[PDB]
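What follows is a short report on a single structure.
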Amino acid sequence: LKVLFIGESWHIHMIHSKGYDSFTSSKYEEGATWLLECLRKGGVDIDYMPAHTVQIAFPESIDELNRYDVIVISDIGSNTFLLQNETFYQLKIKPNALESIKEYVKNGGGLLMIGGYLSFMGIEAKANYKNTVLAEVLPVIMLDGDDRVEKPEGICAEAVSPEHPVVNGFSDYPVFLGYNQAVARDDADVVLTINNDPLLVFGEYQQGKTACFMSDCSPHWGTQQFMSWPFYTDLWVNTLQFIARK
Amino acid sequence: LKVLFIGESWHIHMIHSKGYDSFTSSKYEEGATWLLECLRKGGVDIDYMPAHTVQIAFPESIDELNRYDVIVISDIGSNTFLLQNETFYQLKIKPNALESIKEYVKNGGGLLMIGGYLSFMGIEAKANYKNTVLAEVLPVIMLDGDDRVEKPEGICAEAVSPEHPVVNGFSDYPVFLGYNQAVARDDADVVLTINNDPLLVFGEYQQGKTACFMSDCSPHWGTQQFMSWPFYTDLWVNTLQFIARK
Amino acid sequence: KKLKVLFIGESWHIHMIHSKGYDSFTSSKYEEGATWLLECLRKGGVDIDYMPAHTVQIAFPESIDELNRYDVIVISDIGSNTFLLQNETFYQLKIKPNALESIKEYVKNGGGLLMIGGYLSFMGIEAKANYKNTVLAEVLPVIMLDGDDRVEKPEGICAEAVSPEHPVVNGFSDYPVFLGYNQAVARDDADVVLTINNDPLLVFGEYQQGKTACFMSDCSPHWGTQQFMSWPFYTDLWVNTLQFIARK
Amino acid sequence: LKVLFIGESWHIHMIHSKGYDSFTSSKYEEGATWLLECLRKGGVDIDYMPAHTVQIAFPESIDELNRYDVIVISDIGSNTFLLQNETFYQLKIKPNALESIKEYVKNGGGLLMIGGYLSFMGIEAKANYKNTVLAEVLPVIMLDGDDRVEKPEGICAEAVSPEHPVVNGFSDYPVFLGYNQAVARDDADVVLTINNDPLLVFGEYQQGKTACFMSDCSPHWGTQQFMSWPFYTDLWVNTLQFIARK
Amino acid sequence: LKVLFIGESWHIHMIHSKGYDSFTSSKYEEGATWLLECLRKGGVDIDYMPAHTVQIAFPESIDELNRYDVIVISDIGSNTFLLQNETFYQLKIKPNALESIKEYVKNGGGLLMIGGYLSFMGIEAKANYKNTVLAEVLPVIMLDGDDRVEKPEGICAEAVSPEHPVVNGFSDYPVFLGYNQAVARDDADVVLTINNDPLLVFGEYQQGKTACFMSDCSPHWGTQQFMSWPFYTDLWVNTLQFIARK
Amino acid sequence: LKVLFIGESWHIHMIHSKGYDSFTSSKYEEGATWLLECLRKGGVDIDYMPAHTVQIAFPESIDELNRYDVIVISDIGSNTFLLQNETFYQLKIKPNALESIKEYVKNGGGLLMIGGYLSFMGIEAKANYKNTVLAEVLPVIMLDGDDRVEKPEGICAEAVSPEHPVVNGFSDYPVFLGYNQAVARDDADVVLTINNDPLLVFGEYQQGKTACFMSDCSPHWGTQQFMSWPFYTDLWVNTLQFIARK
């Protein structure tokens, strides 16, 4: 099982202001710690690609993407795919990464999007996925502005399709502190809900298969109850297996 | 009258660029110093909670809140309540501040929202109140995006209910330089208008009474003329009095 | 025939924070974005006043009589906030005439208005240009989207003439590629002359005595390609459209 | 014992860049809350002043300052004192706070400076105390530039006068992760050292007693070992008592 | 009298953090609008070159600079001259603007430098002129770091050579709120001092004449008193006339 | 030949202000991709550690560094080595990276420092190496502040020891757009000069060998002329060999 995992990286610039003055500290992080560990011990072969790597060296032809059984996109916005460094600074004409991913799915590849501030529409609608060529590929329809539902008190998932292969045999469903609100396309399969909204949704796109998980795999939307839940590793392994190219 | 007044505080970081170079200066400031003085001189006992205080120490129990007759919210966005520091950084599960306020009004508490860049939807829709559980509490319906109406040339408030107890006897209404555009709910009372949009609106949410002032109590939208208006204190005192716990 | 045009916008001030591990140094960079275009209009006989964004903040004309001297006003890559929230308004507590009202009255009374697309035009990036929620929306011959209205095409797509006999574009050929545009809907009132990805690209209208135009992509990179800049009809396009909508 | 404790507060300013895009996060924090609570529980009456308050509301009269037995300055640079908002933005003439403090010590009051990134010279020499009218008041002589000594390995303190009233009885000296490098003046008593540099130093300036602790009372220089060290509270209580106006 | 006036412009990026959220406003200002009016009213022919214009369009050859009798440098650091856009971003090799200026003074041109945060050494020594090829042209010797003397209390200027043609028949000198501290030079003439440091200094460099005014022509160091002083226009016109190309 | 190459990486966050408004674009870049490729093709086996990796994963063990024949430090400041994430954010005691590097060289390892804004002292003295435990290892003595010499007009390298093994045979020396200014130690060998200042210096520290190259390997200081100079690879390959363990 060959998986391309894109995103879950950030560069924080901190300005510490003390009265009149300030000094800065800068940091690089990667965010999918418990998830990529769970996937690796679960038999998945991950090629990890940080957001900044998309900007410099996203594959220019579909053949390179074709080796992957699933592509995962998490906490990385459409602007990163569409406005690669060569496009935005170097005045080049470049192949469209999102059309590439679209073609990839058309011809058999799986696609998962995991929720977050830079997934779907996201914080201040920055992820902007709705207004891109990738919107039609996805089994949910996005809202037109900021789509976050913030639940700092926590709220739990429900199985609505408990007999579905991905979640059959699961129970005692965990709690989340937020998600992106979207509306499942009506030909899609909703498997888990949250707060009267979809949480886990499967669809199809020509030959390929699609999944959306509307919450996060890590903090803060993903809680301790979530990552310690007996069925955490199986959720992500099972969803990738379900949508993998055959 | 005991009143909790939340917001009207900011930390400015200024980056001054002179050609190639830049130096910084930083500045904390409070915005409704005049208003709070007028309210205290009109006999109101005010507990002032600046925005950073919400982040560190917002009351977790409705019992703490129930000792207030009115809570006022001005220039502080929904994210500040929902994403407190223990939530966003320390990975804690925290009671929901907006639910707490919602519960407080439910049980006889009065709620005022004052307009500004960080009220209602606000600049770039950053206040984002429409997409929250507090939306249902307010006597107005907000727009889906940035809801500012900028009027640098100034427009007058107009009284469409000159007889309303809160505004009775006022005259010579002042000029404002902008407001948040919203739609008064069907069951709410429009007392004042601005550019024919609602300006002062009153309503109910179970046992509690609600109010929205659609422009600012402070500059630049709340003008010098507004702040030194004879009815300025009356306006604000009368409205707290009107929606106070009975 | 002899055009006096006010060209507003097409300037910016980048602050760059260069983070190297723990540390950062900064460099700050002014640029102007339409030097090429302005040179072409100069050579094509247009009398141009250039007003960068910062100059609208300090010194936008308060008098309509002062605007009335211009045959056309061009707005490009400058947001509505810049016009509405001049320094005296936002910092200095003054009442001040509304720049967008002034522009509106200038059009009502026979002035021309051209808006050129970009990140700080129409709605633009993150909807910051925000023109739909301003008193200028009714003046334009297009209806904007409710959010971010960019269509990014890194692979490029070419413009197409849907009214190739229209005076402005008559005789043009070999239309160039663009890397993006602002998506809008033409008023069913207006004349769509060029399209891009089947969306309007060049649109003409009227507003009381004045005449209006919208070009939905950029005059400059990255949306305006080098191919577009050196396209044989670049000059005539902008010159003809200025001339089409000019006062008289 | 009546003490004016200045500083140990900051606002960050977090820019989170995920590929092309970024979103921001902001928080105010206070660094010495438990220390301050420990001082109050140990009989010290504290007026606490976050750095931003210094810019808004610093005492202009000598008589106001004279009511304090000690003033403490921690992680707030000279610019904050010299460039209050009325000076830097409001273009008003106003009393010099550093002259006020210097005058306060002449008249008998105690002064302690705790090290950190915005004490002494500090990071990029931004604190800049050496170039101010307060330099002559301090019992140490500062470097010409950035005076940090970073010790991420840790280094333990050392008593050179273990018999001094302030540190008599103390034992098991904890580690620090750094300090500001300076030189004790000839007329000054060095009580603790750090990597052979002064760590704790007492002196006099006319009637007033003075003190410098060269590391931080807080993270990260003040280690967890230091926070929890028996005598940690005693160090602070003792040095305050020692330098206090009687 | 033909004069090139460089600097006195900045672009400010303001980050207004209201709790979790922040909004931004950017602001361009020119700082010597008043000075330039006074100078042109004194019949000086001024070409004004903002800092950003130096970045983008500084004259490449000395011929163009020689149309000026004096060059004035105010609140623009040496990095702006040394690191123009083509140099720093476009990989081009180009003429050294600081060398050009120095050559200009060498062959008759006059040079005045006016103090500020981006003059001489300046705030955090960012202006950095001491470490440049221009330092030897100036009739003062700078300090090795931050050279600001901050005087929010105010200090008046004092004439030590009232007989000098520049200040003849000036009296009642205004207050200033700070200045850059420098020394000497031995063969230079100090006309005004400030807090016993030089304020207005004249010297020469080969054929050209030089001047340094150590404080600001503008706020906040240059107070509104100074701005409204009857000899404000006379000071600047006389200094310019005194150093103009003979 | 086994070489650890550290630095030459940065994340840019760009704030584009157009009038009142701004949008942001961010990008990670690497600056020595060319050099690294040249060195690979020239028989050097490189482990490349970008700055952010030093913050997360710097060899705690002196035995880890001992596997390397040379360590190269370029455009990365002392602070990054000293203030790794677990030091600065988590509150953990860590081995001192600079002490490790010193021990490493002391025991026979090679050390090359390449010039730029975040080397030696650098821009605003930010690299700060002079005030660290690594300073005594380097074969040069650094200035006390900003040590840049900007030469936008270009300046040639010169050979002063043409017969030195590192440069023997080189000719037609390229032009540089700047360098850090330092002074060679008496016991060290100066092989190349720039503007009469040292450009290439070799030394020893106990068993180990040291090199310093005072200009940049990359733009803008390192011109296109330098980078495509026939001896470009030989310069770096030769210097690595000359200082290699041993």
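Here, A, B, ... name the chains of the structure tokens in the order displayed, residue numbers run from 1 inside each chain, and ligands are numbered from 1 in the same displayed order.
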If you take only C-alpha atoms and a cut-off of 12 Å, which residues of chain B touch chain E, and what are their nearest atom pairs and distances in Å to one decimal, in chain and number order, as a tab-separated table?
```
residue	atom	partner	partner_atom	distance
B:6	CA	E:19	CA	10.9
B:7	CA	E:18	CA	7.8
B:8	CA	E:18	CA	8.0
B:9	CA	E:18	CA	6.2
B:10	CA	E:18	CA	4.6
B:11	CA	E:17	CA	5.2
B:12	CA	E:16	CA	4.6
B:13	CA	E:15	CA	5.1
B:14	CA	E:14	CA	4.5
B:15	CA	E:13	CA	5.2
B:16	CA	E:12	CA	4.5
B:17	CA	E:11	CA	5.2
B:18	CA	E:10	CA	4.6
B:19	CA	E:51	CA	4.7
B:20	CA	E:80	CA	4.7
B:21	CA	E:79	CA	6.9
B:22	CA	E:126	CA	8.4
B:23	CA	E:123	CA	7.6
B:24	CA	E:12	CA	9.3
B:25	CA	E:14	CA	9.7
B:26	CA	E:15	CA	9.3
B:27	CA	E:16	CA	9.4
B:28	CA	E:17	CA	9.4
B:29	CA	E:16	CA	10.0
B:30	CA	E:18	CA	10.3
B:31	CA	E:18	CA	11.0
B:49	CA	E:19	CA	11.3
B:50	CA	E:19	CA	8.4
B:51	CA	E:19	CA	4.8
B:52	CA	E:19	CA	5.1
B:53	CA	E:19	CA	8.4
B:54	CA	E:19	CA	7.8
B:55	CA	E:19	CA	6.9
B:56	CA	E:19	CA	10.1
B:74	CA	E:18	CA	10.5
B:75	CA	E:18	CA	7.4
B:76	CA	E:18	CA	6.1
B:77	CA	E:21	CA	7.0
B:78	CA	E:20	CA	9.0
B:79	CA	E:20	CA	6.1
B:80	CA	E:20	CA	4.8
B:81	CA	E:20	CA	8.5
B:82	CA	E:20	CA	9.3
B:83	CA	E:20	CA	7.1
B:84	CA	E:20	CA	7.8
B:85	CA	E:20	CA	8.7
B:87	CA	E:20	CA	11.5
B:88	CA	E:20	CA	9.6
B:89	CA	E:20	CA	11.5
B:116	CA	E:18	CA	11.6
B:117	CA	E:23	CA	8.5
B:118	CA	E:18	CA	7.7
B:119	CA	E:18	CA	10.8
B:122	CA	E:23	CA	10.2
B:123	CA	E:23	CA	7.6
B:124	CA	E:23	CA	8.5
B:125	CA	E:23	CA	10.6
B:126	CA	E:21	CA	7.5
B:127	CA	E:21	CA	8.2
B:128	CA	E:21	CA	10.7
```
Discussion item. With only C-alpha atoms considered, list every residue of chain C at most 7 Å from chain A, as a ChimeraX atom specification.
Written reply: /C:19,21-23,126,152,154-156,221-222
Print the selection's residues with N, CA and C atoms to a file, as a PDB file, in the first residue's frame.
```pdb
ATOM      1  N   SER C  19      13.193  33.940   7.924  1.00  0.00           N
ATOM      2  CA  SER C  19      13.506  33.125   9.105  1.00  0.00           C
ATOM      3  C   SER C  19      14.586  32.071   8.833  1.00  0.00           C
ATOM      4  N   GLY C  21      16.295  29.342  10.959  1.00  0.00           N
ATOM      5  CA  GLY C  21      16.288  28.668  12.245  1.00  0.00           C
ATOM      6  C   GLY C  21      15.546  29.504  13.282  1.00  0.00           C
ATOM      7  N   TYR C  22      16.212  29.766  14.396  1.00  0.00           N
ATOM      8  CA  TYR C  22      15.699  30.634  15.440  1.00  0.00           C
ATOM      9  C   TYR C  22      15.524  32.098  14.974  1.00  0.00           C
ATOM     10  N   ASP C  23      16.473  32.591  14.169  1.00  0.00           N
ATOM     11  CA  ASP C  23      16.605  34.024  13.866  1.00  0.00           C
ATOM     12  C   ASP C  23      15.888  34.454  12.624  1.00  0.00           C
ATOM     13  N   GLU C 126      -8.837  36.312  -0.842  1.00  0.00           N
ATOM     14  CA  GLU C 126      -9.610  36.306   0.400  1.00  0.00           C
ATOM     15  C   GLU C 126     -10.754  37.345   0.443  1.00  0.00           C
ATOM     16  N   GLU C 152      -7.454  30.623 -10.578  1.00  0.00           N
ATOM     17  CA  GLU C 152      -6.015  30.415 -10.847  1.00  0.00           C
ATOM     18  C   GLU C 152      -5.843  29.352 -11.947  1.00  0.00           C
ATOM     19  N   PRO C 154      -2.463  28.198 -13.474  1.00  0.00           N
ATOM     20  CA  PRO C 154      -1.013  28.107 -13.696  1.00  0.00           C
ATOM     21  C   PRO C 154      -0.601  27.550 -15.062  1.00  0.00           C
ATOM     22  N   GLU C 155      -1.435  26.692 -15.656  1.00  0.00           N
ATOM     23  CA  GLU C 155      -1.163  26.083 -16.976  1.00  0.00           C
ATOM     24  C   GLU C 155      -1.467  27.058 -18.084  1.00  0.00           C
ATOM     25  N   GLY C 156      -2.203  28.117 -17.748  1.00  0.00           N
ATOM     26  CA  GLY C 156      -2.608  29.116 -18.724  1.00  0.00           C
ATOM     27  C   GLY C 156      -3.856  28.757 -19.498  1.00  0.00           C
ATOM     28  N   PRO C 221       2.176  40.558 -14.582  1.00  0.00           N
ATOM     29  CA  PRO C 221       2.387  39.219 -13.986  1.00  0.00           C
ATOM     30  C   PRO C 221       1.811  39.148 -12.575  1.00  0.00           C
ATOM     31  N   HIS C 222       1.495  37.945 -12.070  1.00  0.00           N
ATOM     32  CA  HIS C 222       1.666  36.690 -12.856  1.00  0.00           C
ATOM     33  C   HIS C 222       0.504  36.312 -13.794  1.00  0.00           C
TER      34      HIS C 222
END
```
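Overlaying chain E onto chain D with least squares across the full set of in-order Cα pairs produces an RMSD of 0.4 Å.
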Discussion item. Please report the interatomic distance between atom CA of residue 100 of chain D and atom CA of residue 40 of chain D in Å with one decimal.
Written reply: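 Answer for the atom CA of residue 100 of chain D to atom CA of residue 40 of chain D separation: 25.7 Å.
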Discussion item. Could you tell me how far atom CA of residue 159 of chain F sits from atom CA of residue 1 of chain F, in Å to one decimal place?
Written reply: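 So the answer is 26.0 Å.
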As a compact mmCIF listing (two decimals) with N, CA and C atoms, in the first residue's frame, please: the residues near residue 212 of chain F (cut-off 6 Å, only C-alpha atoms, same-chain neighbours under 2 positions excluded).
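What ended up in selection-v7.txt:
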```
# COMPACT_ATOMS: atom_id res chain seq x y z
N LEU F 112 34.55 24.31 8.68
CA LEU F 112 34.51 25.42 7.72
C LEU F 112 33.29 26.31 8.01
N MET F 113 33.53 27.61 8.20
CA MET F 113 32.43 28.60 8.28
C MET F 113 32.48 29.46 7.03
N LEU F 200 39.88 34.11 2.58
CA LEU F 200 40.07 32.70 2.88
C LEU F 200 41.20 32.49 3.89
N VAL F 201 40.84 31.89 5.02
CA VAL F 201 41.75 31.74 6.17
C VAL F 201 41.73 30.30 6.66
```
Worksheet item: Neighbours of segment 198-201 of chain C within 7 Å (only C-alpha atoms; same-chain residues fewer than 5 positions away dropped), as a PyMOL selection string?
Response: chain C and resi 183-186+192+215-217
Worksheet entry | Those of segment 90-172 of chain E in DSSP strand (DSSP E or B), formatted as an MDAnalysis selection string | chainID E and resid 110:114 141:142 148:159
Practice prompt. Quote the spacing between atom CA of residue 8 of chain C and atom CA of residue 149 of chain C in Å to one decimal place.
Written response: 21.1 Å
Discussion item. With only C-alpha atoms as the counted atoms, please give the residues lying no more than 7 Å from residue 156 of chain D, apart from itself and same-chain residues fewer than 6 positions off, as a ChimeraX atom specification.
Written reply: /D:173-176,194
N, CA and C atoms of the current selection, written as a PDB file, in the first residue's frame:
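This went into part-v3.pdb:
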```
ATOM      1  N   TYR D 173      22.244  24.263  45.273  1.00  0.00           N
ATOM      2  CA  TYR D 173      22.001  25.291  44.275  1.00  0.00           C
ATOM      3  C   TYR D 173      21.640  24.684  42.929  1.00  0.00           C
ATOM      4  N   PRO D 174      20.524  25.159  42.344  1.00  0.00           N
ATOM      5  CA  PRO D 174      19.956  24.603  41.116  1.00  0.00           C
ATOM      6  C   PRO D 174      20.678  25.113  39.869  1.00  0.00           C
ATOM      7  N   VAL D 175      20.378  24.502  38.724  1.00  0.00           N
ATOM      8  CA  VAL D 175      20.947  24.930  37.448  1.00  0.00           C
ATOM      9  C   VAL D 175      20.154  26.078  36.802  1.00  0.00           C
ATOM     10  N   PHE D 176      20.851  26.838  35.963  1.00  0.00           N
ATOM     11  CA  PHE D 176      20.238  27.839  35.092  1.00  0.00           C
ATOM     12  C   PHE D 176      20.658  27.511  33.667  1.00  0.00           C
ATOM     13  N   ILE D 194      28.030  32.500  38.630  1.00  0.00           N
ATOM     14  CA  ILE D 194      27.483  31.618  37.626  1.00  0.00           C
ATOM     15  C   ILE D 194      28.524  31.508  36.530  1.00  0.00           C
TER      16      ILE D 194
END
```
Item to complete: Could you give me, as a PyMOL selection string, the residues within 12 Å of residue 208 of chain E, counting only C-alpha atoms and dropping anything in the same chain fewer than 6 positions from it?
Response: chain E and resi 66+68-71+101-112+137-139+202+242-246
Deliver the residues from the most recent selection as a file, using N, CA and C atoms, as a PDB file, in the first residue's frame.
```pdb
ATOM      1  N   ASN E  66      25.248  65.910  -9.594  1.00  0.00           N
ATOM      2  CA  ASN E  66      25.929  67.204  -9.623  1.00  0.00           C
ATOM      3  C   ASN E  66      25.063  68.413 -10.004  1.00  0.00           C
ATOM      4  N   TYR E  68      22.880  69.257  -8.151  1.00  0.00           N
ATOM      5  CA  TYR E  68      22.506  69.682  -6.805  1.00  0.00           C
ATOM      6  C   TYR E  68      23.656  70.369  -6.085  1.00  0.00           C
ATOM      7  N   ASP E  69      23.311  71.409  -5.328  1.00  0.00           N
ATOM      8  CA  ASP E  69      24.283  72.174  -4.554  1.00  0.00           C
ATOM      9  C   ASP E  69      24.468  71.526  -3.197  1.00  0.00           C
ATOM     10  N   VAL E  70      23.400  70.880  -2.727  1.00  0.00           N
ATOM     11  CA  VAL E  70      23.409  70.138  -1.465  1.00  0.00           C
ATOM     12  C   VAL E  70      22.590  68.862  -1.633  1.00  0.00           C
ATOM     13  N   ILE E  71      23.080  67.793  -1.014  1.00  0.00           N
ATOM     14  CA  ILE E  71      22.266  66.604  -0.790  1.00  0.00           C
ATOM     15  C   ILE E  71      21.926  66.499   0.710  1.00  0.00           C
ATOM     16  N   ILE E 101      27.746  59.473  -3.650  1.00  0.00           N
ATOM     17  CA  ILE E 101      27.547  60.626  -2.771  1.00  0.00           C
ATOM     18  C   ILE E 101      28.874  61.181  -2.290  1.00  0.00           C
ATOM     19  N   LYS E 102      29.758  60.288  -1.874  1.00  0.00           N
ATOM     20  CA  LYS E 102      31.064  60.655  -1.354  1.00  0.00           C
ATOM     21  C   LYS E 102      31.896  61.379  -2.416  1.00  0.00           C
ATOM     22  N   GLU E 103      31.767  60.912  -3.662  1.00  0.00           N
ATOM     23  CA  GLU E 103      32.463  61.488  -4.801  1.00  0.00           C
ATOM     24  C   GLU E 103      31.888  62.881  -5.068  1.00  0.00           C
ATOM     25  N   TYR E 104      30.568  62.978  -4.969  1.00  0.00           N
ATOM     26  CA  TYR E 104      29.823  64.221  -5.126  1.00  0.00           C
ATOM     27  C   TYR E 104      30.276  65.310  -4.160  1.00  0.00           C
ATOM     28  N   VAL E 105      30.457  64.960  -2.887  1.00  0.00           N
ATOM     29  CA  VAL E 105      30.979  65.896  -1.885  1.00  0.00           C
ATOM     30  C   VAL E 105      32.453  66.209  -2.175  1.00  0.00           C
ATOM     31  N   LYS E 106      33.216  65.184  -2.560  1.00  0.00           N
ATOM     32  CA  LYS E 106      34.639  65.311  -2.901  1.00  0.00           C
ATOM     33  C   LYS E 106      34.883  66.443  -3.923  1.00  0.00           C
ATOM     34  N   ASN E 107      34.010  66.515  -4.923  1.00  0.00           N
ATOM     35  CA  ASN E 107      34.114  67.488  -6.003  1.00  0.00           C
ATOM     36  C   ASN E 107      33.152  68.680  -5.877  1.00  0.00           C
ATOM     37  N   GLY E 108      32.884  69.117  -4.644  1.00  0.00           N
ATOM     38  CA  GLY E 108      32.189  70.383  -4.432  1.00  0.00           C
ATOM     39  C   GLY E 108      30.830  70.332  -3.772  1.00  0.00           C
ATOM     40  N   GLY E 109      30.056  69.286  -4.051  1.00  0.00           N
ATOM     41  CA  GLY E 109      28.727  69.116  -3.453  1.00  0.00           C
ATOM     42  C   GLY E 109      28.663  69.236  -1.927  1.00  0.00           C
ATOM     43  N   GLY E 110      27.554  69.759  -1.425  1.00  0.00           N
ATOM     44  CA  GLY E 110      27.333  69.816   0.010  1.00  0.00           C
ATOM     45  C   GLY E 110      26.515  68.623   0.486  1.00  0.00           C
ATOM     46  N   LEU E 111      26.746  68.217   1.733  1.00  0.00           N
ATOM     47  CA  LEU E 111      25.982  67.132   2.345  1.00  0.00           C
ATOM     48  C   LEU E 111      25.539  67.488   3.757  1.00  0.00           C
ATOM     49  N   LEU E 112      24.226  67.482   3.984  1.00  0.00           N
ATOM     50  CA  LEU E 112      23.682  67.514   5.334  1.00  0.00           C
ATOM     51  C   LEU E 112      23.035  66.160   5.736  1.00  0.00           C
ATOM     52  N   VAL E 137      33.367  60.952   5.459  1.00  0.00           N
ATOM     53  CA  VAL E 137      32.887  62.241   4.952  1.00  0.00           C
ATOM     54  C   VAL E 137      32.309  63.146   6.056  1.00  0.00           C
ATOM     55  N   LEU E 138      31.894  62.551   7.174  1.00  0.00           N
ATOM     56  CA  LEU E 138      31.065  63.274   8.132  1.00  0.00           C
ATOM     57  C   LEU E 138      31.914  63.939   9.194  1.00  0.00           C
ATOM     58  N   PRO E 139      31.550  65.192   9.563  1.00  0.00           N
ATOM     59  CA  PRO E 139      32.322  65.973  10.531  1.00  0.00           C
ATOM     60  C   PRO E 139      32.104  65.518  11.983  1.00  0.00           C
ATOM     61  N   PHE E 202      29.491  71.701  11.569  1.00  0.00           N
ATOM     62  CA  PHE E 202      29.947  71.951  10.204  1.00  0.00           C
ATOM     63  C   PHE E 202      31.366  71.472  10.042  1.00  0.00           C
ATOM     64  N   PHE E 242      24.995  77.663   3.660  1.00  0.00           N
ATOM     65  CA  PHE E 242      26.382  77.631   4.131  1.00  0.00           C
ATOM     66  C   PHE E 242      27.159  76.469   3.516  1.00  0.00           C
ATOM     67  N   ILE E 243      26.503  75.328   3.294  1.00  0.00           N
ATOM     68  CA  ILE E 243      27.228  74.189   2.723  1.00  0.00           C
ATOM     69  C   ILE E 243      27.041  74.033   1.221  1.00  0.00           C
ATOM     70  N   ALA E 244      26.188  74.858   0.617  1.00  0.00           N
ATOM     71  CA  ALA E 244      25.973  74.786  -0.833  1.00  0.00           C
ATOM     72  C   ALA E 244      27.275  74.911  -1.648  1.00  0.00           C
ATOM     73  N   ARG E 245      27.323  74.201  -2.777  1.00  0.00           N
ATOM     74  CA  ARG E 245      28.436  74.232  -3.732  1.00  0.00           C
ATOM     75  C   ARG E 245      28.828  75.672  -4.100  1.00  0.00           C
ATOM     76  N   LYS E 246      30.096  76.032  -3.898  1.00  0.00           N
ATOM     77  CA  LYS E 246      30.547  77.399  -4.207  1.00  0.00           C
ATOM     78  C   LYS E 246      30.891  77.552  -5.685  1.00  0.00           C
TER      79      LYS E 246
END
```
Practice prompt. Please provide as a count of residues only all residues within 8 Å of residue 150 of chain A, with the sequence filter that same-chain residues fewer than 2 positions apart are discarded (counting only C-alpha atoms).
Written response: 7
